[PDB]
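Student: Generate coordinates for the sequence data below:
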Amino acid sequence: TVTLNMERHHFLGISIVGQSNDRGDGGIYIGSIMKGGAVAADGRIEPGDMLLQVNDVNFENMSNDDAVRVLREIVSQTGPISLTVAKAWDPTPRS
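Tutor: Numbers count the residues shown, from 1 in each chain. Sharing the structure here:
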């Protein structure tokens, strides 16, 4: 659950990945963040952030380890911005 700031039109270099679902583990998670000036300026995002959902959307059942095929269709065209994640035990000392 993260609300980016301006993205549409602009360029973005993100990626997703999977592993397997069974128990607290499987939900596709951002492969990595270019750490450029976009998501980088945001902070120190993580790959296990669990970015497989956007806006009020939740491609949970999806987790096709390629949700990008669609996610990329968002910022690209139709689809409101508002990336979302199902949380993920990550080291975030109230940065």
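Student: ok, residue 79 touching residue 56?
Tutor: No. Applying CB atoms under 8 Å as the test, residue 79 and residue 56 come out as separate, 10.8 Å apart. Just so you know, the C-beta spots here come from the backbone N, C-alpha and C atoms, and that holds for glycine as well.
Student: any common contacting residues for those two?
Tutor: Counting by CB atoms under 8 Å, 6 or more residues apart in numbering, no residue touches both residue 79 and residue 56.
Student: Looking at those two, which is more packed in?
Tutor: Shown here are residue 79 and residue 56; by other CB atoms under 10 Å, residue 79 has more neighbours (16 against 8).
Student: any idea how far residue 90 is from that one?
Tutor: The gap separating residue 79 from residue 90 is 26 Å, by CB to CB, to the nearest Å.
Student: do residue 48 as well
Tutor: 6 Å.
Student: is it true that residue 32 lies in a strand?
Tutor: Yes. Checked against DSSP: H, G, I helix; E, B strand; the rest coil, residue 32 lies within a strand.
Student: That one: neighbour count?
Tutor: There are 16 residues near residue 32, going by other CB under 10 Å.
Student: ok, now how distant is it from residue 22?
Tutor: Relative to residue 22, residue 32 is positioned 24 Å away (CB to CB).
Student: can you check residue 33 too?
Tutor: For residue 33, the distance to residue 22 - CB to CB - is 26 Å.
Student: Tell me which of these two has more neighbours.
Tutor: Per other CB under 10 Å, whichever of residue 33 and residue 22 has more neighbours is residue 33, with 21 against 7.
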